[PDB]
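One structure is given below, encoded as structure tokens.
Convention: sequence-line order gives letters A, B, ...; per-chain numbering from 1. Values reported hereafter were calculated over all heavy atoms of this structure, with side chains retained and with hydrogens, waters and symmetry mates removed.
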Amino acid sequence: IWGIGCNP
Amino acid sequence: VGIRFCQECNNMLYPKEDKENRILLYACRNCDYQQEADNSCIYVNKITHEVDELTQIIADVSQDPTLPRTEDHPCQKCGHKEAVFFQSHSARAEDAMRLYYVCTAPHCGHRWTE
Amino acid sequence: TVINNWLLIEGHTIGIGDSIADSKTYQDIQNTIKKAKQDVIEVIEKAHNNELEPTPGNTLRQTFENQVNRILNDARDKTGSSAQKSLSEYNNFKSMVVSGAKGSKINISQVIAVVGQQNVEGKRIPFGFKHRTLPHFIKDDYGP
Ligand SMILES: [Zn+2]
Ligand SMILES: [Zn+2]
């Protein structure tokens with residue numbers, strides 16, 4: 001829910 | 001290139017080499033009909049399958065409310081300002097984000113790719 | 001025991017004031033978001049005009065997605081850094097993050113600046129409807 005590399 | 005059908009039973013013709021005159025023929029297997037080949041080409045395969053999708057784009061697409069349109073690019077034929085644009089909208093299009101344009105206004109349906 | 005009694009003296013809390021940032025901070029966050037959206041628009045225009053060229057090992061679709069994701073993630077990080085600069089010493093979100101008791105700088109940033117990109121299956125929100133994400137958006141919109 002954050003970014004592509006983070007968390008969903 | 002294309003497929004042609006027999007004139008008696010309307011079945012599918014098949015290519016056959018004429019051994020005597022060295023002329024390609026198409027013969028129906030279920031009867032004795034034969035017709036000489038005019039095109040001289042049989043099997044064409046485009047592996048890159050590069051096909052202009054302007055042939056696959058319908059003019060009616062200009063009536064879709066859900067598509068985006070711009071007034072920047074005018075039509076070539078009628079010079080209409082509205083033009084509804086969209087991407088390939090096709091699977092196995094390789095990689096193409098090109099915008100295809102369709103002219104709004106009735107019955108023009110001109111399609112340009114820029 | 002002794003630190004819990006001193007905490008009875010000093011006290012600890014979390015409130016709305018912790019989430020609020022300076023007006024300048026909010027302005028900077030908004031400017032960063034505007035610049036990022038403009039850069040994404042420019043990338044989309046490059047792709048539409050076929051100026052974009054595939055990155056080695058990636059398709060044009062994949063390289064466009066990677067470029068857009070990079071722009072959006074850098075803007076998200078910059079907004080987060082601005083929000084974290086805004087935090088005061090008294091800020092309690094910052095207190096809990098610094099102590100390590102709970103929370104992270106990611107949480108502070110999402111609370112104060114920008115929630116960030118929502119991604120499903122490692123990609124941006126998919127085109128679940130026909131060639132669009134939701135019915136409210138126009139077809140073939142790859143913007144943020
Ligand atoms: Zn026949
Ligand atoms: Zn026209």
Inter-chain contacts: residues 35-54 of chain C against chain A, heavy atoms under 4.5 Å: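 Within residues 35-54 of chain C, near chain A: nothing under 4.5 Å.
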
Taking all non-hydrogen atoms of both residues into account, name the closest pair between [X] and [Y] and its distance.
{"X": "C:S19", "Y": "C:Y26", "result": "O-OH, 3.5 Å"}
{"X": "A:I4", "Y": "C:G122", "result": "CG2-O, 3.7 Å"}
{"X": "C:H12", "Y": "C:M96", "result": "NE2-CE, 3.1 Å"}
{"X": "C:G103", "Y": "C:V97", "result": "C-CG2, 3.9 Å"}

Short side-chain to backbone donor-acceptor contact, C:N91 and C:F93, under 3.5 Å: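 Such a contact is found between C:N91 side chain and C:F93 backbone.
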
Backbone of C:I14 reached by a side-chain donor or acceptor of C:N92 within 3.5 Å: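 Judged by distance alone, no pair lies under 3.5 Å.
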
C:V120, part contacting chain A, at a heavy-atom distance under 4.5 Å: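 Neither; nothing under 4.5 Å.
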
Spacing of CG belonging to C:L134 relative to CD1 belonging to C:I125, to within rounding of 0.5 Å: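 Spacing of CG (C:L134) from CD1 (C:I125) equals 8.5 Å.
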
Separation of C:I29 CD1 from C:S86 OG (nearest 0.5 Å):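 Those atoms lie 7.5 Å apart.
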
Quick check - list every chain C-chain A donor-acceptor pair under 3.5 angstrom, one line each.
residue : atom : partner : partner atom : Å
C:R76   : NH1  : A:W2    : O            : 3.4
C:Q117  : N    : A:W2    : O            : 2.5
C:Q117  : O    : A:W2    : N            : 3.4
C:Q117  : O    : A:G3    : N            : 3.4
C:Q118  : NE2  : A:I1    : O            : 3.4
C:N119  : N    : A:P8    : O            : 3.3

Side-chain heavy atoms of C:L8 within contact of C:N5, under 4.5 Å: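 C:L8 vs C:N5: side chains touch.
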
Neighbour count >12 (heavy atoms, 6.0 Å) for atom CG, C:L7: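 Yes, CG of C:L7 has more than 12 neighbouring heavy atoms, counting only those of other groups under 6.0 Å.
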
